[PDB]
Amino acid sequence: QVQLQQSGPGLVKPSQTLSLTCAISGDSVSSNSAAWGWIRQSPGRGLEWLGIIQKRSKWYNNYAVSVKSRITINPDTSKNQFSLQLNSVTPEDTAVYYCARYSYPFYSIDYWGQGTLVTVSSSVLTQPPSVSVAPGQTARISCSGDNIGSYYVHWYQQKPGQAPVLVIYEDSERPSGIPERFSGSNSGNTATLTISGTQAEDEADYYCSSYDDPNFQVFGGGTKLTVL
Amino acid sequence: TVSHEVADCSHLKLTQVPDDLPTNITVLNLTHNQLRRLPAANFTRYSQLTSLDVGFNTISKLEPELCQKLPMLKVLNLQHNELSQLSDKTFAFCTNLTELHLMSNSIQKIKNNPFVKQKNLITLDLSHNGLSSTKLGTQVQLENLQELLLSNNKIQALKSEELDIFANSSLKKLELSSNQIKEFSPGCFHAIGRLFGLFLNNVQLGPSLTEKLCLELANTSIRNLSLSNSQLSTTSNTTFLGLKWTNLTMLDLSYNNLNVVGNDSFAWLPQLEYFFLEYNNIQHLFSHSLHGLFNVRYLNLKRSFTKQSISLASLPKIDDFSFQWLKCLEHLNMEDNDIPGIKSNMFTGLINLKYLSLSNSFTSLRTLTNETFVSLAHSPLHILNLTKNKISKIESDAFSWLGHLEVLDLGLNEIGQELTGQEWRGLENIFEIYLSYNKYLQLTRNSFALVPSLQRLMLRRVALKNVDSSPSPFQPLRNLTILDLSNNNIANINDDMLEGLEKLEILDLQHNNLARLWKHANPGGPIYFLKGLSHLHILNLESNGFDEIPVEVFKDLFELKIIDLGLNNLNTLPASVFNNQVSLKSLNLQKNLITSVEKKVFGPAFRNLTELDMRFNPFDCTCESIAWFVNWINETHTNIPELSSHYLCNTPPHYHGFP
Amino acid sequence: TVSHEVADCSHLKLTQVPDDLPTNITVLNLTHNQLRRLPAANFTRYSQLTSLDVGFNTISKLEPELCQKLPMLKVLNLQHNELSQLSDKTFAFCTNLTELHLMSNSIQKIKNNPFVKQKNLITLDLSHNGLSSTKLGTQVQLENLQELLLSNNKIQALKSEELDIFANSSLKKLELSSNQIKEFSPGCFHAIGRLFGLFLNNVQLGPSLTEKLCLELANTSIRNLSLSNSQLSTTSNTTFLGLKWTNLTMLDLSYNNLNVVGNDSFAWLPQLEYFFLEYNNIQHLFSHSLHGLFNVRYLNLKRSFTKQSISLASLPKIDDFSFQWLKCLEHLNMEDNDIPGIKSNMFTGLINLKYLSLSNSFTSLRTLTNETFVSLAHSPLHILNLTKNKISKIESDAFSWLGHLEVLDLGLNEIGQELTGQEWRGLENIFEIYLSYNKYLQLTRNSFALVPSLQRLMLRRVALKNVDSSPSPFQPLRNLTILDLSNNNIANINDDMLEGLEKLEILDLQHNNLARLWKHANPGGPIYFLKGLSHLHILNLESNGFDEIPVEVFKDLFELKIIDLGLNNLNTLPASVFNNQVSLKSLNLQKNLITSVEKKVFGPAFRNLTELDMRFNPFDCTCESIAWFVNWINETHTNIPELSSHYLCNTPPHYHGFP
RNA sequence: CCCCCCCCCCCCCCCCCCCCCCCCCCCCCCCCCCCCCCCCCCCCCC
């Protein structure tokens with residue numbers, strides 16, 4: 001299908017520019033059925049949307065206000081790529097950077113880059129930090145916030161050293177290839193990812209996320225699921 | 001809640017939807033109700049709906065479960081509600097909708113993507129909302145949407161980005177009326193996939209902003225452009241320059257208070273076919289003002305020119321050869337104007353004209369000189385309208401230039417003269433002539449001898465004089481079919497006035513004075529002026545003062561269907577008078593003095609009818625005179641309105657007022 | 001030959017006198033017959049005749065034997081015969097005759113002495129004869145003759161000798177009209193014993209011959225002198241000098257085409273009491289023109305002044321103080337004149353005037369300024385007539401000078417204004433005011449508050465407005481008796497409009513629109529505007545469109561005698577409505593829609609009448625509705641004109657047209 | 001407390017249209033009078 005290969009320095013001096021490149025194969029960077037973006041993740045926090053670009057009429061980009069005055073995401077139509085340019089870096093910018101494809105119309109992410117860890121040196125969705133479950137016991141991960149009752153909730157699964165994997169989208173829909181034991185619900189201001197009969201392979205970190213009018217994308221804090 | 005195939009609940013003051021209706025109902029209408037909320041649990045029974053009109057109600061918010069119960073819904077109407085919040089799931093399950101009305105819902109801002117989940121939408125309405133931007137989403141959707149309405153909003157700009165969602169949509173109508181739009185961004189309309197029509201009614205643009213709009217409309221597929229009430233006071237040869245690169249066909253400039261029209265202003269519209277200029281304030285039309293419009297097929301100029309003012313007498317002057325450019329013109333509506341008069345070159349150049357209307361177009365066209373219509377010599381006119389022009393005299397050979405004329409409307413004038421017959425020379429193909437509501441007309445033996453092709457002749461309330469000439473003035477009209485002579489106070493009619501008019505069908509003689517002509521005491525015998533009209537169908541003889549009916553007046557009307565004899569003084573009728581009326585349909589004898597209805601006179605007349613009007617008649621309730629009539633009333637299929645309200649006997653006092 | 005006390009045979013085409021009449025007949029009339037001869041042998045039976053009128057016949061000659069059969073005959077009439085021969089024996093035996101008419105007998109010459117043998121003759125007529133001289137005999141006779149007629153003769157002179165036979169006769173009338181008399185002899189009238197009146201109508205005298213006549217009339221006992229149509233174009237101070245020595249009282253100058261009147265012309269008539277000047281051509285009346293007429297009691301000036309001519313606008317001007325000499329004037333008929341207007345001194349000096357008529361006396365008296373009648377301040381006027389003067393406005397205090405005025409006639413004018421009520425100030429003794437046939441009048445609360453003595457008020461066809469004011473405008477008229485409000489198209493009347501008018505007797509309200517005020521469906525209830533009129537006698541309500549009569553409208557008209565309700569739309573009437581009309585005399589219900597006449601409604605009304613008009617009514621011949629009426633018709637004494645001509649039933653058709 | 005959207009109901013104003021009744025003016029026709037004119041017939045006078 002769609003392959004996203006990231007490349008760039010894994011080490012940047014402070015006050016310099018962090019440059020990364022996402023190379024697309026099996027899809028177009030000018031596709032009118034997808035958007036291309038960068039998010040990052042540091043262990044001191046969860047997932048953070050940085051920026052996005054999408055080819056509709058002219059070239060449109062949307063950036064997060066945290067890095068809006070520093071970030072730059074430009075596409076290379078001649079080489080079918082898109083870059084990430086983050087100026088004036090600071091050790092607070094040390095994180096794993098993922099490039100990702102947002103699939104229309106729900107802006108759920110079906111394809112991720114391999115992730116590049118970069119070290120810089122010389123709305124709120126709330127989740128319970130941990131859920132412990134026995135093998136074969138159903139797991140329930142909650143996610144609260146004001147975006148719950150106003151937007152669709154997507155649920156991503158991230159194993160150690162790997163990019164996240166979309167397990168649920170649009171509060172309940174399940175992408176093909178995901179085991180049928182995964183399901184999602186949304187009652188009031190609380191979404192819930194239910195894993196009926198959690199198996200050993202389901203032990204990972206689960207992040208709830210949703211779309212957002214001012215800030216495009218919002219992620220939950222994340223829940224560590226342990227199969228005892 | 002009456003319903004046979006569709007459900008109607010308009011103005012029934014419902015608070016909750018009814019739960020007792022057929023399952024297979026297709027239309028469910030609930031306009032003008034007080035539905036505070038609309039739970040979806042009540043829609044389990046109604047799962048076959050196609051149209052759902054819940055407008056003019058007080059619904060605050062809806063739920064996505066509503067769409068789940070309706071699998072085949074196509075129409076969703078929510079006019080005048082309080083649905084000011086929209087979400088991606090609001091219209092998610094609904095995907096077959098081909099209509100969506102959201103007028104006057106007090107919608108403030110479209111947040112993210114309310115209309116992405118549907119692709120079969122055809123018409124979308126968002127009028128009378130609080131929207132400030134034309135952004136209806138982030139990505140592209142609404143593939144089949146053809147009409148978009150945004151009138152009466154609070155939009156002040158049209159940015160290119162906000163219409164990026166229509167990059168592949170064919171918009172046949174982009175309503176943006178009543179929006180104080182004052183800035184146009186480049187590429188705003190080029191971003192739209194296929195724009196066919198734009199409406200900017202009641203939008204304060206101005207000349208410079210109109211030129212900017214036309215420039216922004218260059219090299220697009222627009223066909224219609226309505227700019228009504230846009231405060232377009234003045235135009236120039238560069239106002240519509242931006243339309244040079246397009247194929248605009250319909251342009252509306254009504255109510256724009258267009259004081260003057262610039263020289264060569266419309267030279268940039270070679271494909272224009274429908275031009276509107278009604279209700280303007282034009283003070284002067286130049287010879288080259290309408291240059292470049294050689295393809296217009298319909299021009300409207302109703303109240304397009306300035307009205308007369310006693311302060312300055314600024315009568316709108318039209319220069320000669322002003323219409324010479326409209327080669328393909330076929331319809332010119334030019335009513336309610338204050339033109340001083342017709343010139344010798346006013347209409348020159350119209351070689352394809354087929355309809356000219358001049359109703360109240362001139363302040364004082366008193367005399368119709370034979371040189372008045374010289375400019376219309378080569379115009380193949382068919383219908384000419386000259387009502388309310390205060391015409392006082394028509395000279396000979398006045399219409400000698402209209403050889404193709406078929407319909408002439410000279411009614412509602414002040415024409416007082418004697419018809420010598422030479423006024424109609426040259427009308428070789430005339431069909432209908434209207435002359436009703438004039439001052440006074442004096443007919444002559446050869447009044448209509450020059451127009452044998454005439455078929456209609458209306459002379460209602462014209463005070464006809466000398467109509468009783470020894471040779472019938474209508475004799476040459478061999479093809480006459482409809483003749484109206486009502487309200488003329490006609491006194492004397494000869495028996496041969498209608499001789500030879502075999503094809504006559506409709507004859508009107510109501511509101512005249514012909515009572516003497518039918519009484520047996522009239523010297524010379526009763527006048528039988530209704531002989532030979534074998535094709536007569538409609539006869540009107542209301543308010544004629546008739547007191548006696550000759551036995552053999554209707555002896556030859558074998559095809560009579562409608563006869564009117566109301567407001568007369570009929571008391572008795574001759575026996576066996578309606579024998580030949582075998583196809584009579586409607587008989588009117590209201591407000592008469594008839595007291596007896598007998599089979600000997602009304603038998604054949606009551607054979608097979610469809611209407612009957614004998615309301616205000618002093619009937620005599622007696623078995624010798626009314627028993628047959630009431631028995632016929634009991635069993636019949638003829639429509640008799642107000643049968644039990646006004647059909648009251650007057651005498652004897654025992655039956656006074658009894659139906 | 002009908003005769004009960006007198007015999008009449010006029011236009012019976014008799015040739016011989018009848019022989020079968022009562023012997024004691026006193027009058028035997030045979031005018032307009034063809035009696036060629038009148039033998040006396042047929043008069044043996046008729047010996048008691050007093051009057052014998054055999055005029056307008058063709059009798060050639062009579063015989064003296066005719067007088068023998070009549071011993072007491074007093075009247076002998078022979079007008080328009082052929083008795084051109086007279087003898088001494090013709091009227092010998094007849095001596096009691098006090099009348100003798102010989103007009104148009106073609107008498108040529110009186111031969112010797114035809115009238116000597118009678119002495120009791122009073123009146124003698126010889127008009128339309130061929131006589132050339134006034135000689136009727138040689139000696140003196142006709143002692144008691146008082147009137148002599150010689151008009152339409154061929155007499156050209158009046159010699160003294162020819163009237164010598166009247167030396168001892170008192171002639172009260174000497175008719176000499178239509179005789180071309182051109183010479184007067186001295187002593188012609190002095191020879192007559194006692195001449196009291198002379199008539200010279202249609203005699204071409206002229207001014208000089210008129211002066212000669214007056215000189216010949218000096219020192220005689222004349223009292224009357226008619227000079228009508230005498231071609232007296234001009235008069236002077238010496239034309240009537242000869243009348244200085246007599247006591248003339250009546251003078252006629254009508255139709256004389258008197259162009260101008262000389263200064264001090266009538267100073268020689270101090271005993272004049274009746275002066276006539278009608279139908280003259282006077283162009284200017286001087287201040288001293290009427291000098292010396294201080295004893296005239298009746299002056300007529302109808303058409304006495306010149307008419308207006310567009311060529312010169314020679315309006316007849318009347319100088320100031322022109323009527324100052326008529327101290328004893330009591331009647332001034334001054335109609336049909338073309339005076340420019342009234343001045344401040346036009347009527348000064350008339351201190352005994354009691355009747356002034358100014359009907360059409362002025363060309364344009366548009367405005368009645370309060371200073372117009374200042375000249376009539378000291379005149380004790382009683383009746384003033386101002387019809388056809390084209391009066392358009394009446395200002396306040398207009399009649400403040402006529403303190404003795406009783407009758408005011410302002411009708412047949414064009415008075416359009418609002419009656420504020422101040423126009424009638426000063427009329428302390430007013431009785432009757434006429435205002436009919438005006439343009440439009442707008443009444444006010446105090447329109448007639450200044451004339452409580454008013455008794456008559458005619459407002460026929462004046463288009464009254466604001467008559468429905470909350471205070472009744474007729475309230476101050478406590479003594480009002482006759483009120484006419486016909487043809488005013490009055491719509492709304494208050495119930496208290498006639499409150500307090502106990503003395504009202506005659507009220508007219510015909511040709512108005514009061515149908516709504518009496519229907520039961522009228523909001524506020526029916527209007528009972530006929531309460532309290534205990535003295536009402538005549539009521540007129542024709543053509544009011546009435547469709548229903550309230551039960552208690554005539555509940556207090558205890559003295560009603562004549563009620564008019566024709567040309568209405570009455571069909572049914574309430575029972576027991578005419579109970580209080582115990583003295584009704586005439587009831588009019590013609591041209592109505594009444595179909596039933598029952599004792600329950602018309603019983604008391606038909607108690608004791610003298611007239612009844614119900615001609616054009618569609619009566620219903622039924623024993624339940626007409627049997628009582630026809631039975632009352634059979635036996636009655638009330639006068640019902642055209643009973644068998646128009647009282648025809650309309651329904652049922654069995655009785656259609658049967659009386 | 002404020003700014004707005006709806007449902008129902010009652011008044012008021014303006015305009016258009018229709019109907020009833022009536023007034024005024026005019027037209028057509030007829031009748032009853034007055035005056036003038038013309039013709040036919042009879043009967044007389046000069």
# chains A, B, ... in the order shown; residues from 1 in each chain; ligands from 1
$ interface_residues --of "chain B" --to "chain C" --cutoff "7 Å" --atoms "only C-alpha atoms" --output "list in words"
residues 620, 651 and 652 of chain B
$ interface_residues --of "chain B" --to "chain D" --cutoff "8 Å" --atoms "only C-alpha atoms (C1' of nucleotides)" --output "number ranges by chain"
B: 13, 32-34, 56-58, 80-82, 106, 489, 491, 513, 516
$ closest_atom_pairs --of "chain A" --to "chain B" --cutoff "9 Å" --atoms "only C-alpha atoms" --output "CSV"
residue,atom,partner,partner_atom,distance
A:32,CA,B:140,CA,8.3
A:33,CA,B:139,CA,8.8
A:54,CA,B:139,CA,8.9
A:56,CA,B:164,CA,7.0
A:57,CA,B:164,CA,6.0
A:58,CA,B:161,CA,8.4
A:104,CA,B:139,CA,8.0
A:105,CA,B:116,CA,7.1
A:150,CA,B:87,CA,7.0
A:151,CA,B:88,CA,7.3
A:152,CA,B:88,CA,7.9
A:211,CA,B:112,CA,8.9
A:212,CA,B:112,CA,8.0
A:213,CA,B:112,CA,5.9
$ write_last_selection --atoms "N, CA, C and O atoms" --output "compact mmCIF listing (two decimals), in the first residue's frame"
# COMPACT_ATOMS: atom_id res chain seq x y z
N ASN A 32 -5.77 14.41 -3.70
CA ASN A 32 -6.95 15.09 -3.20
C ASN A 32 -7.80 14.19 -2.30
O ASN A 32 -8.94 14.54 -1.99
N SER A 33 -7.26 13.04 -1.88
CA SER A 33 -7.95 12.13 -0.98
C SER A 33 -7.15 11.86 0.29
O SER A 33 -7.42 10.89 0.99
N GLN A 54 -2.22 19.91 2.75
CA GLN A 54 -3.09 19.16 1.86
C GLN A 54 -3.32 19.92 0.57
O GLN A 54 -3.56 21.13 0.58
N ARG A 56 -5.50 20.89 -2.23
CA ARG A 56 -6.86 20.92 -2.72
C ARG A 56 -6.97 21.83 -3.94
O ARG A 56 -7.21 21.34 -5.05
N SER A 57 -6.82 23.13 -3.77
CA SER A 57 -6.89 24.07 -4.89
C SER A 57 -5.53 24.72 -5.13
O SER A 57 -4.96 24.66 -6.22
N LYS A 58 -5.04 25.39 -4.09
CA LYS A 58 -3.68 25.84 -3.89
C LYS A 58 -3.10 24.96 -2.78
O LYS A 58 -3.73 23.98 -2.37
N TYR A 104 -9.11 10.90 4.42
CA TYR A 104 -10.41 11.53 4.43
C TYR A 104 -11.49 10.48 4.65
O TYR A 104 -11.30 9.30 4.35
N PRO A 105 -12.65 10.88 5.19
CA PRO A 105 -13.06 12.21 5.62
C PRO A 105 -12.91 12.47 7.12
O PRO A 105 -13.11 13.60 7.57
N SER A 150 -18.62 16.26 21.13
CA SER A 150 -18.67 17.18 20.01
C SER A 150 -17.90 16.72 18.78
O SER A 150 -18.01 17.36 17.73
N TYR A 151 -17.12 15.64 18.89
CA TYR A 151 -16.32 15.16 17.78
C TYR A 151 -16.25 13.64 17.83
O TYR A 151 -16.54 13.02 18.86
N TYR A 152 -15.88 13.06 16.69
CA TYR A 152 -15.59 11.63 16.62
C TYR A 152 -14.30 11.32 17.36
O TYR A 152 -13.37 12.13 17.40
N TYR A 211 -10.60 14.97 16.37
CA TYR A 211 -10.50 16.20 15.63
C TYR A 211 -11.02 17.36 16.48
O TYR A 211 -11.75 17.17 17.46
N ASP A 212 -10.62 18.57 16.12
CA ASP A 212 -10.84 19.76 16.93
C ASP A 212 -10.88 20.97 16.03
O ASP A 212 -10.03 21.11 15.14
N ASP A 213 -11.85 21.86 16.25
CA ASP A 213 -12.02 22.99 15.34
C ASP A 213 -10.86 23.96 15.35
O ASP A 213 -10.31 24.25 14.27
$ residues_around --residues "region 143-148 of chain A" --least-positions-apart "3" --cutoff "12 Å" --atoms "only C-alpha atoms (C1' of nucleotides)" --output "ChimeraX atom specification"
/A:123-129,140,151-155,170-171,184-194,206-223 /B:87
$ atom_distance --atom1 "CA of residue 307 (chain C)" --atom2 "CA of residue 390 (chain C)"
16.5 Å
$ select_by_dssp --residues "region 119-163 of chain A" --states "strand (DSSP E)" --output "PyMOL selection string"
chain A and resi 119-120+130-133+139-144+153-158
$ select_by_dssp --residues "region 244-388 of chain C" --states "helix (DSSP H, G or I)" --output "list in words"
residues 244, 245, 372, 373, 374, 375 and 376 of chain C
$ residues_around --residues "residue 2 (chain B)" --least-positions-apart "6" --cutoff "10 Å" --atoms "only C-alpha atoms (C1' of nucleotides)" --output "list in words"
residues 8, 9 and 21 of chain B
$ write_last_selection --atoms "N, CA and C atoms" --output "compact mmCIF listing (two decimals), in the first residue's frame"
# COMPACT_ATOMS: atom_id res chain seq x y z
N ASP B 8 -50.32 15.67 6.20
CA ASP B 8 -50.35 17.12 6.39
C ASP B 8 -50.71 17.43 7.83
N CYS B 9 -49.88 18.24 8.49
CA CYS B 9 -50.13 18.67 9.86
C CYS B 9 -49.82 20.16 10.00
N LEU B 21 -50.27 6.58 12.03
CA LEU B 21 -50.28 6.86 10.61
C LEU B 21 -49.88 5.59 9.87
$ residues_around --residues "region 69-74 of chain B" --least-positions-apart "2" --cutoff "10 Å" --atoms "only C-alpha atoms (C1' of nucleotides)" --output "PyMOL selection string"
chain B and resi 26-27+40-52+64-67+76+93-100+120-121
$ write_last_selection --atoms "C-alpha atoms" --output "PDB file, in the first residue's frame"
ATOM      1  CA  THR B  26     -43.825   8.994   1.864  1.00  0.00           C
ATOM      2  CA  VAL B  27     -44.367  12.652   2.850  1.00  0.00           C
ATOM      3  CA  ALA B  40     -35.957   9.625  17.042  1.00  0.00           C
ATOM      4  CA  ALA B  41     -37.633   6.881  19.097  1.00  0.00           C
ATOM      5  CA  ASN B  42     -40.992   7.958  17.689  1.00  0.00           C
ATOM      6  CA  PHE B  43     -39.769   7.364  14.116  1.00  0.00           C
ATOM      7  CA  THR B  44     -39.517   3.567  14.385  1.00  0.00           C
ATOM      8  CA  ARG B  45     -42.987   3.186  12.854  1.00  0.00           C
ATOM      9  CA  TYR B  46     -42.238   5.723  10.094  1.00  0.00           C
ATOM     10  CA  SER B  47     -39.492   3.981   8.111  1.00  0.00           C
ATOM     11  CA  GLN B  48     -40.732   4.681   4.556  1.00  0.00           C
ATOM     12  CA  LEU B  49     -40.529   8.488   4.516  1.00  0.00           C
ATOM     13  CA  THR B  50     -39.145  10.380   1.524  1.00  0.00           C
ATOM     14  CA  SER B  51     -39.995  13.999   2.404  1.00  0.00           C
ATOM     15  CA  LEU B  52     -39.865  15.372   5.958  1.00  0.00           C
ATOM     16  CA  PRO B  64     -28.176  11.306  14.374  1.00  0.00           C
ATOM     17  CA  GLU B  65     -30.581   8.507  15.331  1.00  0.00           C
ATOM     18  CA  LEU B  66     -33.232  10.339  13.336  1.00  0.00           C
ATOM     19  CA  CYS B  67     -31.469   9.444  10.107  1.00  0.00           C
ATOM     20  CA  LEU B  76     -35.274  17.371   4.860  1.00  0.00           C
ATOM     21  CA  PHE B  93     -26.186   8.406   8.228  1.00  0.00           C
ATOM     22  CA  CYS B  94     -28.353  10.484   5.890  1.00  0.00           C
ATOM     23  CA  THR B  95     -26.752  10.063   2.461  1.00  0.00           C
ATOM     24  CA  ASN B  96     -29.639   9.932  -0.042  1.00  0.00           C
ATOM     25  CA  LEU B  97     -30.786  13.492   0.680  1.00  0.00           C
ATOM     26  CA  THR B  98     -31.329  15.512  -2.495  1.00  0.00           C
ATOM     27  CA  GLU B  99     -32.677  18.566  -0.654  1.00  0.00           C
ATOM     28  CA  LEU B 100     -31.717  20.329   2.570  1.00  0.00           C
ATOM     29  CA  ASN B 120     -26.020  12.923  -3.516  1.00  0.00           C
ATOM     30  CA  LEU B 121     -27.067  16.374  -2.290  1.00  0.00           C
TER      31      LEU B 121
END
$ atom_distance --atom1 "CA of residue 465 (chain C)" --atom2 "CA of residue 509 (chain C)"
14.7 Å
